[PDB]
Structure formats: structure tokens, C-alpha cells
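S.K.: Please work out how this folds:
(chains A, B, C, D, E, F and G)
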Amino acid sequence: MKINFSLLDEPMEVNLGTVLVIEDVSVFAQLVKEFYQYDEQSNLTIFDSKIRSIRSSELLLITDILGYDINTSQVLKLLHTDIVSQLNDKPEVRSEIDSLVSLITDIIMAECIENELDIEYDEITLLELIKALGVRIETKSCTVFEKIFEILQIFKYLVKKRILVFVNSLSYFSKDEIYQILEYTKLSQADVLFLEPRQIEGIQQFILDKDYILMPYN
Amino acid sequence: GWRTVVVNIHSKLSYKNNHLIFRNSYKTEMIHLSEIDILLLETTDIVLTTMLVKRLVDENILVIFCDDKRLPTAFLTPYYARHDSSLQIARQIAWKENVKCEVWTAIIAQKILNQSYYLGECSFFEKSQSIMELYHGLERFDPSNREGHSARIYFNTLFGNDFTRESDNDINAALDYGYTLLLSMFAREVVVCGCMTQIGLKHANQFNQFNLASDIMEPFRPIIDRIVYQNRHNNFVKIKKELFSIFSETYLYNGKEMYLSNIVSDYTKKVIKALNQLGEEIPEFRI
Amino acid sequence: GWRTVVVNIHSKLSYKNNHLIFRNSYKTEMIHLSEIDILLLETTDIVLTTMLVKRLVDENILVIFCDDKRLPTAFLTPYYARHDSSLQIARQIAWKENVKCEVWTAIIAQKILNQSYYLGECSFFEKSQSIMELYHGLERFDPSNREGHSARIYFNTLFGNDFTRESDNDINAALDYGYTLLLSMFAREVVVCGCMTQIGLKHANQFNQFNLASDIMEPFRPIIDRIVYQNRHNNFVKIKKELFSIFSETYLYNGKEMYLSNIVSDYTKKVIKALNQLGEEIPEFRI
Amino acid sequence: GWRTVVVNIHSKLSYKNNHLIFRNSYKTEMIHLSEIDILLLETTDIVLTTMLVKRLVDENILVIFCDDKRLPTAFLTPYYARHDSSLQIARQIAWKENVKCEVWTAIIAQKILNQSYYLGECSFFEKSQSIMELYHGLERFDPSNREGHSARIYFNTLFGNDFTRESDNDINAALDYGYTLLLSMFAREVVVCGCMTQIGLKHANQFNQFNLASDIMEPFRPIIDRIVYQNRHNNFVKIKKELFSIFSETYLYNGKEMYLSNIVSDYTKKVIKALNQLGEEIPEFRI
Amino acid sequence: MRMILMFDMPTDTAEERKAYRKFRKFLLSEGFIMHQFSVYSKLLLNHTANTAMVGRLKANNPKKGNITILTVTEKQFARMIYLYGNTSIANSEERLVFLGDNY
Amino acid sequence: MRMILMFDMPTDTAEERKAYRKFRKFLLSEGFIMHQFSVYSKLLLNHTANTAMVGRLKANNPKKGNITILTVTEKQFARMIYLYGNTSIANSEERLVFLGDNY
Amino acid sequence: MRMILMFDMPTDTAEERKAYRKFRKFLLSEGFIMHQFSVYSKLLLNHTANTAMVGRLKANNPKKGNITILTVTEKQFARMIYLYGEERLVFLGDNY
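M.R.: Numbering: from 1, shown residues only, chains lettered A, B, ... in the order given. Structure data below:
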């Protein structure tokens, strides 16, 4: 994947982990504004290997790592649908689940018939059992280093998002933690792009000078 | 590394921040990569990631896969920076015939001694005294065949004179089942040692592929015949249920009371180290 | 199996009803195991189950695990492919240095002859005549090192005098890649034969697990050298794809035109049979 | 076969791949032969092939051919249903008049008892008296003709004193229709047994091909009399449809609840076995 | 080998409808019979004729056209049920079957 | 038993489209997966579940709706080829198979 | 009556761990709260409920499981104090 703006001479490719440093505060703030306004503004563009423009729905932009909720309505919907598909791939297990649900429905139905008030029921479904169990991704994160790892896991799980972008998220992690994040990104194959106001020493990064010239580093 | 990580339960494995993440339904455990030495997977329900496999290739740790029978099937072979076990197999190819005959004779002596001692616990003095006489009469190269002669006395004492190993019965199938479980455990220990199980201690018969582990598991064999003697009236399913409790039951090692897995592990390690060092000490196990 | 399945994409693999199940968010596809020969995982984001690994070991399918760079990292080696392995180990230990040096010398003669045939097809009379002179000058124990000289003159004539095998260029990278793939297939064939892969037929001092499979894979190197010579101007990715096209292409064996996997299997079978029978017939492969 | 296929429409029938092929201009449908028990052609515009007739003879499927009035005209009788027929002919010629008169007397007693049970269930009382007392009064050779008197009192009590069996009314027409269908099924069962259908168990002077099948079908007449009594007000077409619903309905045999075809087959089997074994057990069918 | 073939394609445009008629006529000319809308089948003699038929179907497929090909035995073909909101009789286990007046 | 199900019905009216959406949602809720337009399949555990599923499908069929049910083995299901005017890979005999970049 | 309950058992085997989880879930379902590992308490209304609870605990005790039961007053139950954590050489740093 490649990103292109009017400041660059040629579009630079983003593969696996990528660190982009902008030495101009105006170009950095205007670039983040172009990231949040990407749907509104046509200046900033992104061309994949197919050389096709992507909608903002396919771009995942995350600034605050701790403030980003892992559990969402769409994420829980895709997770519950995934578990329902996994249970549907095995006929015998789903048959046993239908038998147990039939037994529980028979017991609760008998208790309802024992009551003096009329009771009407419909049925119990596997999706209602998963939602009743509260299946969700683990919400336990001790540090931002683990939270960003969970963000990379959910990002690699989401097929619709073709790119994940972090804005000034590298200032929290130590150099060694940055090395572990880059190695985990290379192992996960996902495309991650970082935007930093200042350069980081010891790691390979693309430095954008105030002259607008882009140069590789390490 | 030092600790040997073995997974007997359903679980998933991941690699994050130089940390192996093992996730099971009960709890999640994170283990440092430098602490792990050998990795073994007991069951077929374990899930692993190719990234963790690559990290294991960089860490040189040996990956062992097993089938539903728990017998080790395949192992991970890296193209570079190979593990030291592959260098240790050459010593197994260099094992001398004198050391193999000494360890084999010691193993047969331990098994026969355990059979006679078990017959003494069953309060048959004549049969246990005969098996003990055959134990004191055992010699190298086995010209007397006192092991095959002690067999018929042991089985005839246990299950009666009418019973035999050749006949088809739930008792013989139970004995083959217990020998299959013990062969799986000892074979897993030999696979952990890295030595090829196709090379046996017995020089006569190479037919079996498990010959090394089958020869190492002989001193622990009578412990199965005891439970098979107590439960002999029960159906083969009940005999399998009783034989399945041997993993939970604890036995007395010479040093201390231990589980069967640790005892078989220490015995196998002493056997391999003794074979490579040419008979420093022979591990002895008594019921 | 006839089919080489390469997975470069993140997905989950399961085993259902004797069928390999490829599950992804975009699509799911099922491929039968009997049609699958080799399984290649080119990325670290692929997930697999130990049950599918056990079914692959029972199906005798080579599983290759690559790195993030896509270069192969580690391949799965089954402990027991067939019961004839334990019986073949005694024959491998009983092999003679005359049979090993003879078969290895004939194999090196076939490799140098294949290089002279490649230079002859490339219309170099002096280079193929010199390599043919080294082929006629090859002797036991290799005192003149005519094989290494044939390789140095081969690569130096093909890629230029400034080229060398110790260079880090993508040419040597693709050469080591093709040698790693062919070494993986030949090593899997040696695992099918059951003989020890660590024991070489040339130098008993050199200890490597890939030595034997390399000695068996020596005559087939020029096939990789041809595509490497044609695609040398292309990028390493296209060169890797053209290297993957070798499995689809067919080559002419002395008997008839066959696939590369069948030629390697039958060639390794004739090599093992010739080693056990002490040089009854030597299989010859020509371009 | 379990299925009664009735074709009232013009069409062509062929036999393809062990499948009955129904071909018409509007639609085409294929029905397997193993599921098909009885084939009924209710019109004269149906076309069939002699190959399908041969496949129906090999499948032992009863084929009935009706007239333009839809009343059954002629049914197909196979020459050899099974090899046991030629051996059963000698037994039928060796039968005794005591066994024939005994089995026929017991069958007539079962029919009169079923009529008394029908009147008892219909709550027709003193009619069930005359039927019951006639049943207790039935004797060998039938000198009192209590069977014909039981039939006359049965129909005269059910349909009224002015009713008679010799009338041309649609009641007697439906009675003869049901007797023709049940006589066709029972005759087909006698063809399956192999014994001669023309030889009766009651009167040796009366010569008819349907005599034996009528003697076997005597106890089941009241089942037709019930639906004929209920639908007597309905038109002859609806009465014929309700008569066709008897094949779908199930009846309770002494052993368990079974279909009419299975009860007729097992009943005829027990009757033939009782005739060959000289009255070992007499099957009894009750409503 | 019993070849079951489903055919779908956007019919909105006139060119698409003409292509659909042409493809259907091509299917009828090749021996395929239409059981219902988009539903067709043909009996192939062997695997070679099946492969050649697959290549021909790929060559004659219209733009935007989609064709599903499945291989089925005669026993599965006789077990085929068609329900028109009225279900096929072959799937029914009913004892009595009337081709005629159902009364 | 592998249950292949085709679904067609006139979509012109709004009520017909609503009925089509309802029937499709009912098929998804019952465990059926849509391979393509009008094409669906579900794995039934045994013959009893297959019969009950047939009755349920007959009960839930919309007005004018038409559904084709066929019984297929796993070997025939893996042999299913789907050609979009792009063909299914399982029918292809190609030696090398790339899930990834085709280069 | 305030019931203080201690629970211990060998956890080594998998069956023993499963039995421990089952017994703990049974204690939570009966109204007992875990102040710490092996440490639990529950407020019993009277002596009858205490006796019935003793019988139920004896019935639900896992194999090799050991339970210690002590009666404490409600005011003494509130008096429960939970503490959660002389060297010559004190080392702040690497412990060598």
C-alpha cells in the first residue's frame, strides 16, 4: 500500500510496519486534519497494490490507544457471527446444543405451566445464547504496550480495514518496546503506519524535512 | 532453556513481545522464551501459530507433535541452527554392544525382580521364589531364557494355569492396552531425549519400531498386571477405566514418592545419559 | 498427492472429513488431502490445528513453514513414515564405504555431465568441453576437487567472472532458495525411504542432517540454474514464481516424461535399492 | 415396495436405470422400482413397454389393468416367482382334505368372528348375536351354511332388509370392487408362495383360479364393509377413493400395528407354512 | 455423470436478455433440459465429455453470467425435490401415489 | 447429507421483495450459507433432520416461491464448480495452487 | 451465625483442579464470598440453616478436599482483619 500527498514528489509505499516522521508542525497538523477529513478532502490519497482508491471505511485511524474501545457493536456482531459459523460447521455439536436447549425449554415450559398465569414463549437460539453469555474480546490491558497489541490483533482480525494508522503513538513506548512492536507487525503481516513529530533514534524511519524532501533513515 | 513445556489440554499459542502466550479455558499463562527448552504437544486439539513457530526456529526449541494415541508422530526440523539432540543421536548410533547388553540385562533383572516381589506381595512363596531364582540365574546373551521362563510362572500365578498370553481374552487385551499406554509414555520420554526409538536395546529383534521404549518400559510392566489381576473379572471397558487411573495414581520411586510421568522421565534420562557415558549408573526401579 | 498448495495469506486451517478446510473472512475453500502433495506456508499469520498436522503426518504430506521474509524456516519431519524404516536402519549401518563412494562418485558424475549438457544446450563448446574433461577426470575420494572446480567454472561462466557463490546478490539468494526447496523435497523422499538423512555418502567427517538429501539432489541443480539464468534480470519475486513453475513443468526421464516429484521419488527409490543391493543399477537423469 | 402407484392419465411408461419413467407432454417423473409395490392402470390410454413389464416381473410387482369404466380387467401373473414353487407344487398335491377343511373352517370362523366384532364395534347387537352363535355353530363340511347365513344377515342388517348381494346398486359394485382389489393382492401373495391358486381349500368340485385367494381373503372383507357402510351415501367415485385409502391406513395385527400388505403377506406365509406343516399354528386377524 | 447446472445473470438490459436467450438456446442445443427457471441438467457419458462440456460452457458463458456445475449420481438425481409455493413427490414418503385425479 | 438449495421467485412487487428478504433471513437463521445468488447449502446431520428441514422449508416458502433441494455427498460438494463470466479452483487440475499473490 | 470456611486440596491433577473449580462455584452459588484464596465466609440466618449448610458442605466436598468450619459472631465477623503484604543487611537494587 502507498500514500500520496501534494508535498511528496512520489508516493511512498507502506509495507508491514512503517514509521513516518514529519519535521514540520504545520504539515503534521494539516496531515492529521487530512486524515480525519479524508472523506471530505481529496488532497490526501491512498493507492493500494491494485492502484485503486479506498474509502475511509477501509482506513482505520487510531490516535488514543487506551481510549479506543476493543468491544464495539460491529466487532461483537462479527465475532458472534463467526462463532455461530464455527458451531454451524459441525453438525453433531450443534445437534447436541439443540438437544440441551430443548431440555431446558422443556423444564422452563413445565415451570411455566405450573404457574397460575398464562405464559407465552417463542424459542431459544444459539445467537441469544452467545449474547446471553456475553462473549467478547478480553478487555484486560495492563499497559499501552499490551493495548496496542490487542489493537493489532483486532486489526488483523478485521478484513475490511486495509490499513491501520497511529498518530503520535510511539512516544509512550520505549525503544525496546518499539522493536517488539515492529517485530510483531512483521510477524502479523499487517500494514501499520506511524506519524511522529520528531525522529526516533535506533529504528528505521522515513524523515520528512522542513524542505519537504523525504529521506530514509536507518 | 531449562523448563520443558508440555500441553496436554486444549489451548491456543501465540507470540507477543518475546513472550509465549498460552491460553486455556481455565486460565492464561505467559512464559518467557528464554526459559522454555523443549516444547511437546500431547493432544490433537492444540492450536498454534506459524509466527510462534518462527520464533521457536530462532529460539532453537524442539517442537514435538503427537497423535490422538499420544505417540509422537512428527517433529520440527529447522534448516539452520539445529538443536543439540540431532548431535546427540550420533552417540546413540555409537552405542556399544557391551553397554546395550548390560542395560538390557539390568532391565530384565529389574522386571523379573518386580514380578517375583509382586508374587511375594500376593503371598505365593513358591512361584516368587522360583522367579527370584531365575532372576539370580539371569546371564548375558540370555542362553537360559529365564525371562520367558519367568513369564509363564508370573501369568500362571496371577490369572491361573489355564490363562496364557497367546489366548484371546479381555485379560490379554487389557495387558496390551496397559503396555500401549506405558509404551506411549516411555516412547514420549525417549522422543524428548531425542534418541531414535527404532534402535533397540535387544539385538535379536528389530521388527518393532518402538523397541527402545518397549525395552525401557519393561521394569514398570508388572504394575499393570496387578490392577489387571484385581479387575480381571470386570469387562474390558471397566479394565480400561481402571487402567486409566494409573496416571492419577502416585507411585514410590527409590528417592521419593512421585507421579509416574516424573519417574519415567528420570529413569529415561538416566538411561540415555548412562548409554552415552558408557554405564556410569543404571537406574533401578522396584515396586 | 499431485498438488502443491502455497498459502501466503492469513487464514485458519482445519481438518474435516478427510478434507483440508481453508477458512477466511472473505471466502472458505475445501481441498481434498489425497490430491495434495506438498503444503507450503509462506507467511507467519497462518493458523493451523494439531489434528490437521497429525492427518498430514499420516498422509505423508510435506509441510514447510517459512519466515516473515517468506524464506523457508522449518519443515515437519515424521518420526515413522513406514515400518520398513526400522529394518532399513540396520542396512544403513551395514553400508560399505566402497558402495557409498561409488554411488556418490556416479552421482557427482551425473551432476557434472548434466552441467556439460546445460552448457552444450547453451552452445558453449570450451566450457562444456572443460566440464566434460573434469567429468572424465573425476576419481574416487575426489582428490582433485573437480566437482568444486566444475561448480566454480559453471557459475563463473554463466553469471560472469566477477560473480561468486559467496555473494549476497539475489542470484545466490534464489539459488539457495531453489536448493532449499529441492533439498526439502529430497529430504522428504529420504524420510519416505526411512534411512537416516544425517548420514552422507561422501564425507563421514561432515555431520549434517541434509547431507544425504543434498548428495541425492546434486544432479538436479542445473534445472534451477537454467531458470535462474533466464530470469536473472527479473525481480526476486518473479524469479521465485518461475521457481514455483518448476513443479508444474514436466521433465523427461530416461523411461518417459514425468513430473519432478515422481522423478525424485523413483530416483531416490532406485538409489536406496542400489545402496542396499550394492550397486545393481545406478539411475541416470539427463536434461 | 411400499407404494401403490395409480395412473389414470394418458402417458407412456418406460424402464430406465432401474427406474420407472413416466413420460407425458406436460411433465415427466421418475419413480424407483424398489419403492413400488403395486402398479395400477385405471385407463386404456396408457402405454407401456415389454421391457418394463419384464422388469416388473423380476421385481415381483403386481400389475393391474382396468377397463374404460376403470373397473379392473386383467392382472399380470408371473409363471415363476421363486424356485420354491416347483417344490411346493408336490406339497400342494400331497395336501390332505382334513388339513384343507380344518384350515378353511378356522378361516371361516375368523371371518364370522370378525363380522361379530364389526357389529359389536358398530354396536349392531343381535346381528352380532346371530353372527356369534353361527360362529359357535360352524362345523366341518359346512352342512348348515352358517357362513352364507352370516353374510346374508350381515348385509341385510347393515344395509337394510330390502338390500341384497344380487343387486346392481353401487353398494354391491363397490363391494365387488374391493373384493377384486383384495383378491388381486391376495392372489399375488399366493403367486409369491408358489402354490396353485386354482386349488381351493373348501370345495374340490368348484374350479376357479381365485378360489384359494378368496378363501385366504375371507377374513378381511369386513374391513371393506366398514368403509362401504360409512361412504354408502357418497358417490361411487368418492367411495372408490376411500377404498384406495385402505392401502394408506394401517391395521393392528396380533403382534403389532402393520400395513395391510405386510399383514396379507405374513398371513399368507403363516397359512402356507401351516398347510405344509399340517396345522402347526393358525394366524388370527381381528379388527 | 449427472451434470446439474444453475444459470443466473442480470437481466435488466436488453443486451443482457438477448445474451440470456442465446445462452439458454445453446444449453438446449447441447442436450441440457430445463427443469425450472435457472435449473438445468444433462447426462454426460464419461469424464472426458464432462471436461469438454466444462470448457465449452466456460467459452459460451455470457458477460456477467454465472453458472454453477455440480456432479450427481442417478440416485441423488431421483432424490431431487422441487417445491413450488407444492413439493416434488419423489421426496415424499407417502404410501399411495396418484397420477390422475387425486379425488 | 449435503443439502443444496436453489431459490427463485418473482421479485417485481415490493411485497415479493420483502418476502424474499424474509425467506433468505430464515435460511441464514437455519444454518444455510449462500454461495451465490439463489445458491445455498446446509449440512444436515441425518435423514430425520433432513425430513424436518424439508417440512420447515415447505412451511416457510413464500407465495410464488420456488426452491430446489438436492442431496449431495461431500465428494460431490468439493467437486462443485462455480464459473462467473472466473471458475472454481477445486474443479481445476492445476498442479500449483496459490492462495496469496498469484505473481 | 457467621460461618468462616477454609478450603484446601491437592491441586496437582487435572481432575483435582476441575473438582476445585466445581466446589468453588458451588460455594459462590450458596452465598459464600471469597475474601482470599481458600478463605471464604457466609452469613447464616440461624442454627438450622447452619446445620443444613454443614450437611450440604459435607455432601459437596470433593475427593481429598479438606474444609475447616468456624463459627464467629456477626460483630466478630466484621472484626475480621485481612492483612496483605529484622534483617541486618538491606539491599535495594539487584539482589546478587
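
S.K.: got a list of what residue 83 touches?
M.R.: Going with chain A. By Cβ atoms under 8 Å, 6 or more residues apart in numbering or on different chains, the contact set of residue A:83 is A:130, A:135. Where you see a C-beta, it was placed from the backbone N, CA and C, and this is true even at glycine.

S.K.: Hmm, no, I was thinking of chain E.
M.R.: Residue E:83 makes contact with F:57, F:58, F:61, F:66, F:67, F:68, F:69 under the criterion Cβ under 8 Å, 6+ apart.

S.K.: again, but for residue B:255
M.R.: With Cβ under 8 Å, 6+ apart, residue B:255 has no contacts at all.

S.K.: how much space between it and residue B:107?
M.R.: 19 Å (Cβ to Cβ, to the nearest Å).

S.K.: The residue nearest the centre of chain E: which element?
M.R.: Nearest to the geometric centre of chain E sits residue E:40, at 1.1 Å (Cα atoms, centre = their mean). If you go by DSSP states H and E, residue E:40 is part of strand E:39-43.

S.K.: what's downstream of that strand, the next helix or strand?
M.R.: Per DSSP H and E, the first helix or strand lying C-terminal to strand E:39-43 is helix E:47-60.

S.K.: wait, does that next one contact chain F?
M.R.: Yes. Using Cβ under 8 Å from any Cβ of the partner chain, helix E:47-60 reaches chain F at E:54, E:57, E:58.

S.K.: Also stretch B:48-64?
M.R.: No. Figure legend: stretch B:48-64 not in contact with chain F (Cβ under 8 Å from any Cβ); closest approach 13.6 Å.

S.K.: how about the residues of the stretch 1-150 of chain B near chain G?
M.R.: So the stretch 1-150 of chain B meets chain G at B:8, B:9, B:26 (Cβ under 8 Å from any Cβ).

S.K.: now those residues in TSV, with neighbour count and secondary structure?
M.R.: What follows is the residues of the stretch 1-150 of chain B next to chain G, written out as TSV (neighbours: other Cβ atoms under 10 Å in any protein chain shown; DSSP: H, G, I helix; E, B strand; the rest coil):
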residue	neighbour count	secondary structure
B:8	15	coil
B:9	13	coil
B:26	12	coil
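
S.K.: Just the closest of those residues to residue C:121, please.
M.R.: The shortest gap between residue C:121 and any of the residues of the stretch 1-150 of chain B next to chain G belongs to residue B:8, at 57.8 Å (Cβ to Cβ).

S.K.: for that closest one, phi and psi?
M.R.: As for residue B:8, its main-chain torsions (degrees, to the nearest 10) stand at phi -100, psi 0.

S.K.: In this structure it contacts residue B:43, no?
M.R.: Yes. Counting by Cβ atoms under 8 Å, residue B:8 touches residue B:43, with 6.3 Å between them.

S.K.: By proximity to chain F, which residue of chain B wins?
M.R.: residue B:50 (13.6 Å; Cβ to the nearest Cβ).

S.K.: List the residues that contact that residue.
M.R.: C:41, C:43, C:44, C:45, C:46, C:47, C:48, C:65.

S.K.: want to try a markdown table for those, with distance to chain B, secondary structure and neighbour count as columns?
M.R.: Compiled in a markdown table, the contacts of residue B:50 are given as follows (distance: Cβ to the nearest Cβ, whole Å; DSSP: H, G, I helix; E, B strand; the rest coil; neighbours: other Cβ atoms under 10 Å in any protein chain shown):
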| residue | distance to chain B | secondary structure | neighbour count |
| --- | --- | --- | --- |
| C:41 | 5 | strand | 23 |
| C:43 | 7 | coil | 22 |
| C:44 | 4 | coil | 25 |
| C:45 | 7 | coil | 19 |
| C:46 | 5 | coil | 23 |
| C:47 | 6 | strand | 18 |
| C:48 | 7 | strand | 24 |
| C:65 | 5 | strand | 25 |
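
S.K.: Skipping its backbone neighbours, what lies nearest the one residue in the stretch 151-287 of chain B that gets nearest to chain C in space?
M.R.: At 3.9 Å from chain C, residue B:198 is the closest residue in the stretch 151-287 of chain B, using Cβ to the nearest Cβ. Of all residues not flanking residue B:198 in the chain, residue C:86 sits nearest, at 3.9 Å (Cβ to Cβ, 6 or more residues apart in numbering or on different chains).
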